[PDB]
Amino acid sequence: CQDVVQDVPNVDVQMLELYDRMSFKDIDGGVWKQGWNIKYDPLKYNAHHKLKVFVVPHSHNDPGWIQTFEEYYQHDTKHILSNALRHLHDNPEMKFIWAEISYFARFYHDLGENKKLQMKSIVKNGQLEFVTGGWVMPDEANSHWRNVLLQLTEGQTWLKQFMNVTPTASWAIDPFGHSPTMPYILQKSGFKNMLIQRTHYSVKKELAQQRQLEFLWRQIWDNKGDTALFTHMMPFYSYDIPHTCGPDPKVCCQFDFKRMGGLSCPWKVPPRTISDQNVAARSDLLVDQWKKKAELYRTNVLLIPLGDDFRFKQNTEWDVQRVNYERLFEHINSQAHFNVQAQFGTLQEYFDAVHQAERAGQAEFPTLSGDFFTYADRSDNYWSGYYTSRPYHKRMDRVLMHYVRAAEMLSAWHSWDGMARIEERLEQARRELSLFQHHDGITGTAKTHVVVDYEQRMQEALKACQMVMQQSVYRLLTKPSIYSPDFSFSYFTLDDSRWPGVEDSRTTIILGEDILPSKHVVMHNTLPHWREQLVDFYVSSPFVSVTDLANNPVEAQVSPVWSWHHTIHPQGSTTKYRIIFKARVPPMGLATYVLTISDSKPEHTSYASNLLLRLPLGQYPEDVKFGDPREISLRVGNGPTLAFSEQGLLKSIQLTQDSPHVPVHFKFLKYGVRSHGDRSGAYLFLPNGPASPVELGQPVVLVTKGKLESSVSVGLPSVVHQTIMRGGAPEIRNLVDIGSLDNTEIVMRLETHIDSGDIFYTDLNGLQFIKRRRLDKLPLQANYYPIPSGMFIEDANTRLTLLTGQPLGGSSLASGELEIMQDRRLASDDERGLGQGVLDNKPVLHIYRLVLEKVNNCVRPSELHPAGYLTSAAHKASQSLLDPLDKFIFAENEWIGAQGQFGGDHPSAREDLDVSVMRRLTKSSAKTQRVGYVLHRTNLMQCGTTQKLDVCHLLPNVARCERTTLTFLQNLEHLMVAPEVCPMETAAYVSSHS
Ligand SMILES: OC[C@@H]1NCCC[C@H]1O
Ligand SMILES: [Zn+2]
């Protein structure tokens, strides 16, 4: 295994290093607005050194944006793929690439058998080529790496199953900036090449000047270069035809033959039909554009994309584009003075030719590490808005992520009879979650009615996972001699304290000495180690005692159920109470407990005090005390001591008894919208200067203090803010309701004396932490980065890490600060084609963990390393947000067969290892059962403080085991023990069973 801490990779282009060197001047470059006037020596080309030109037709098909998936399918995409099948069948030289497998599966299953076989023939002979072959073209900012792999797996599994092809070239022309998570996953899924488009106009210019637009993209920690993937960055403003033929859109627009009589060229020179009278002049004009594009690249092989949004819809667009281009190719190829060979081609054809040129010593490509965030398409129009837009659905993504993992893991342990409809359910759940990874899904850049479609699809997916999970738990914990399932029955309902939070959903367990004395509850632990976590349930009485199934008592706390009402004041229930206790759950296992009512206070249940600083609670045995606003200090267990202001906001953290009171102030601020010039929208973050504090007024502060759990809650305007303490890093919950505050972005900022300087760290796709440097030379919105799972600041002694349960936008705009946007309400459109602002806000419960740590005894990476690494504590805290324990309440009065535990024999793997995916790959009807596992090992900082896990042997009667691509679709290594994986490596294994 490489050291990913002490050794700094040597690369030609390191994006943090490049960003520091670059001036980012927005100078007018001429016809190429953001570059220069390209010049080539025409004696470069001759009969032995020709320019080889691949014109690759394509159609950008969004699975939701202005219209829903189904609306676009019926209006546009079904016509595009019908015409593709017809025109490619009829015209053997015509080529076409397709990215979005969600639309292609939708289309293909509706074809007659004859059309299906015609479709198969144009894929077999390389006319129609799948590029990436993901379910969608995913967002690369907000997306979790697990969901990127999920949607890739769903598309390529469909392609291999129904078309017997697996793409090895990726096409990502529309995501709003680009993550190195994509090559990481692609290169471990058999990919050889990838293409990207939406990078900062100054980055395009800088790299274009050095012909570094093609590069071997490696991970920021990768010293060896084993992660390296060949990347082609397109050089210009757009993927449309005006911006793909060459540097002058005025000329290129004339070679988009659909723009003749209801689309036109904004540069006012129309395309003209190619005739014997003009082909000589047109060819000269076009080949001059191509030869300028070729100056930006190191080989004599040129990629010329030919397409746009929902193109190749009408049969006559196929005609007009194919016939004009063929007349040009025929003229150009026959005329030796050009020294061009031009033809229709595919993306793979381009990359194959480029690598032939490389092997022949004709070019040697530079190495690159880093990311391509934050994207600007022009001037100061940075796309940091969508890091936060529609934060409700951003949170929902992380919840559905966890439920699909839990549902697939729990149901994997057994084969299911097809009458159970497990496969049906999991396929729906995976596809709705896969669809939401679209760059108009999780981004929050779709119209209101499309966001509603995504929400309803994810809601059906959640319900599907719940049904699989409850059926699975009943089977795993009911004695096999008794187990006799009704596959339509709800044996358990799920209890979730964190989603929606917002809604009054959660069921109250009703107990009574006569009516129903006791209730079985079950906790699931998807992580492959022993875990202890406080769980809570709503109960009808405060006189409840907790036992395991062996009747061993378990220490418990009962709190009141509080709600907030609109000044903003708390109200308490007189009919339901929270019972709180510590569940100990095996690795990838289940634990059963029992809640029992009594006359009065049981031996092993404590009651929390309540202090209203500025109310009956039924049979709650401790009355609510009252008082004037004042500072408070709270400690739970031997964990930290937290001090709060008189407004209920954290002011300091003391880690241990004999350590300092470290200042850490939470503060809410607001950003506004520019009155004159560019308006913030779903995409763009264009603040009118620094954020200004939110007037907190005189807010009610609720203090609950218990043996197991305490909290400080306050009703601020727009936000119920809560700090929860359970004996380690506290948990922050914001109930965010931006209500009517038009042209407002609400931000949450932390202020420390940490000596961070201009340095902060933010994660990419919850996989890796990347070093950011604040740049005063760039506007505020450019120092905003994705916060998909966490951010931190540190000096020589102290680190502060904020972990998120949801992707949001954030920065460190000054030494010792962190900030993260909560929500944004925007009256204006930002002129990127969405044609509306963001006025559909709804209450969302944001969740966080706050880890203050001393790092002076931690082995930090080189001051030159572009990566940072979490501590054990911060990593485990991210794990508690993203993959908490699942809670099951038994639906019926009695549970015969009930067992106490599943997975007590499962190995407890080292803390840095995760079984990201467990998925049974085969239905019951298959002779050999097969189960897929994705193993991810992170890298944790060593600070001076477990069994071997072999997934091949987790299920019994293993006949075979291999290392696979992460999609499980190809074997890389026949083994039957899975070897343990390196820090920052992800490996897949498929075990076969007799
Ligand atoms: O995916 C649809 C749109 N394409 C152009 C850039 C913005 C994006 O939402
Ligand atoms: Zn798009």
Side-chain angles (χ1 to χ4, degrees), residues 141-142 144 373-374 382-395 397-398 442-444 498 649-650 664-671 680 685 687 690-694 716 718-723 729-738 744-752 754 756 760-766 769-770 772 774 780-794 799-814 816-825 841 844-852 868 870 874 877-878 881-882:
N142 299 299
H144 199 285
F373 295 118
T374 284
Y382 288 84
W383 301 42
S384 35
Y386 82 97
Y387 306 160
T388 305
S389 302
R390 278 61 172 261
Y392 182 88
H393 311 88
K394 281 170 156 65
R395 178 58 191 139
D397 177 83
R398 298 297 199 259
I442 189 171
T443 57
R498 307 207 282 197
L649 292 152
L650 190 72
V664 178
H665 292 65
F666 267 133
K667 194 187 295 165
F668 290 94
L669 303 95
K670 72 183 59 183
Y671 289 101
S680 302
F685 178 41
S692 69
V694 161
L716 310 173
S718 296
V719 184
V720 183
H721 185 63
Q722 181 176 13
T723 319
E731 179 175 307
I732 319 305
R733 301 186 183 195
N734 299 343
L735 182 60
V736 182
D737 190 350
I738 201 159
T744 309
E745 318 214 20
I746 302 162
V747 72
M748 186 180 72
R749 180 179 293 150
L750 282 147
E751 308 174 323
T752 78
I754 300 185
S756 50
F760 65 106
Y761 299 83
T762 71
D763 77 302
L764 293 157
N765 319 91
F769 281 76
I770 189 153
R772 308 307 196 176
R774 188 173 53 257
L780 189 149
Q781 60 267 27
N783 289 289
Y784 255 63
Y785 292 94
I787 319 299
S789 76
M791 63 197 310
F792 66 86
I793 50 169
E794 64 180 14
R799 177 183 292 181
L800 183 68
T801 308
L802 188 72
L803 296 315
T804 79
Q806 63 283 316
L808 299 166
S811 196
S812 175
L813 293 182
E817 291 184 353
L818 298 167
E819 72 175 66
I820 183 156
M821 207 72 83
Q822 303 300 298
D823 202 358
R824 55 203 311 266
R825 195 173 174 87
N841 308 80
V844 52
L845 183 66
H846 289 331
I847 71 170
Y848 310 88
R849 298 291 295 287
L850 182 56
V851 195
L852 185 61
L870 292 181
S878 188
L881 290 181
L882 290 180

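Numbers here are sequence positions counted from 1. Hydrogens, waters and symmetry mates play no part in the numbers below; they use all other heavy atoms, side chains included.
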**Q** Please lay out, stage by stage, how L881 and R498 fare under the test side-chain contact (heavy atoms from CB on, under 4.5 Å).
**A** CA-CA 9 Å; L881 290 181; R498 307 207 282 197; 3.9 Å; yes
**Q** My understanding is that only one of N841, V720, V844 makes a side chain to side chain contact (heavy atoms under 4.5 Å, CB included) with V736; could you say which?
**A** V844
**Q** Side-chain contact, heavy-atom cut-off 4.5 Å: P687 with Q781?
**A** yes
**Q** Just to verify, what does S812 make a side chain to side chain donor-acceptor pair (under 3.5 Å) with, not counting sequence neighbours?
**A** none
**Q** Cut-off 3.5 Å, side chains only: do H721 and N734 have a donor facing an acceptor?
**A** yes
**Q** Which value, rounded to the nearest 0.5 Å, describes the distance between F666 atom CZ and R749 atom CZ?
**A** 13.0 Å
**Q** Quick one: side chain to side chain contact (heavy atoms under 4.5 Å, CB included) partners of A782, sequence neighbours excluded?
**A** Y382, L778, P779
**Q** Give a yes or no on whether the backbone of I847 and the side-chain of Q806 come within a donor-acceptor separation of less than 3.5 Å.
**A** yes
**Q** Just verifying a value: how many Å separate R772 CZ and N783 CG, rounded to the nearest 0.5 Å?
**A** 10.5 Å
**Q** Below 4.5 Å, heavy atoms only, C-beta onward: do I442 and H393 meet side chain to side chain?
**A** no
**Q** Any idea which heavy atoms bring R390 and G444 closest together, and the distance?
**A** NH1-O, 2.8 Å
**Q** Shortest non-hydrogen contact from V851 to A874?
**A** CG2-CA, 4.0 Å
**Q** Heavy-atom distance under 4.5 Å between the side chains of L808 and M821, does that happen here?
**A** no
**Q** Would a 4.5 Å heavy-atom cut-off, applied to side chains only, mark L650 and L850 as touching?
**A** yes
**Q** Looking only at side-chain N and O atoms, does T388 offer a donor or acceptor that is under 3.5 Å from a partner on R824?
**A** no
**Q** Looking at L818, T762, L803, which one forms a side chain to side chain contact (heavy atoms under 4.5 Å, CB included) with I787?
**A** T762
**Q** Would you say that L882 contacts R398 through its side chain, given a criterion of any heavy-atom pair below 4.5 Å between the two side chains?
**A** yes
**Q** Please round to the nearest 0.5 Å and tell me the distance separating atom OG1 of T744 and atom CD1 of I738.
**A** 5.5 Å
**Q** Measuring from atom CD of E819 to atom CG of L750, what distance do you get when rounded to the nearest 0.5 angstrom?
**A** 10.0 Å
**Q** Would you call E817-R774 a salt bridge at under 4.0 Å N-O?
**A** no
**Q** Heavy-atom distance under 4.5 Å between the side chains of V664 and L852, does that happen here?
**A** yes
**Q** To the nearest 0.5 Å, what is the distance between OG1 (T374) and OH (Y785)?
**A** 6.0 Å
**Q** Is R733 reaching over with its side chain to a backbone N or O of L845, donor-acceptor style, under 3.5 angstrom?
**A** no
**Q** Can you give me the closest heavy-atom contact between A729 and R849, atom names plus distance?
**A** O-NH2, 2.8 Å
**Q** If every non-hydrogen atom of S718 is compared with every non-hydrogen atom of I746, which pair is closest and at what distance?
**A** CB-CD1, 3.6 Å
**Q** Rounded to the nearest 0.5 Å, how far apart are OG of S756 and CZ of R799?
**A** 12.5 Å
**Q** If the condition is side chain to side chain contact (heavy atoms under 4.5 Å, CB included), which residues does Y761 pass it with, not counting sequence neighbours?
**A** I759, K771, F792, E794
**Q** Compare every heavy atom of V747 with every heavy atom of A691, then report the nearest pair and how far apart it is.
**A** CB-CG1, 4.3 Å
**Q** For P788 versus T804, what's the shortest heavy-atom pair and its separation?
**A** O-OG1, 3.6 Å
**Q** Working note: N142 + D397, criterion side-chain contact (heavy atoms from CB on, under 4.5 Å); need CA distance, chi angles, decisive distance, verdict.
**A** CA-CA 10 Å; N142 299 299; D397 177 83; over 6 Å; no
**Q** Are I820 and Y848 packed together at the side-chain level, in the sense that at least one heavy-atom pair is separated by less than 4.5 angstrom?
**A** yes
**Q** Measure the shortest side-chain to side-chain distance between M748 and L802 over non-hydrogen atoms and say whether it is less than 4.5 angstrom.
**A** yes
**Q** Any chance the rings of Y671 and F685 have centres within less than 6.0 Å?
**A** yes
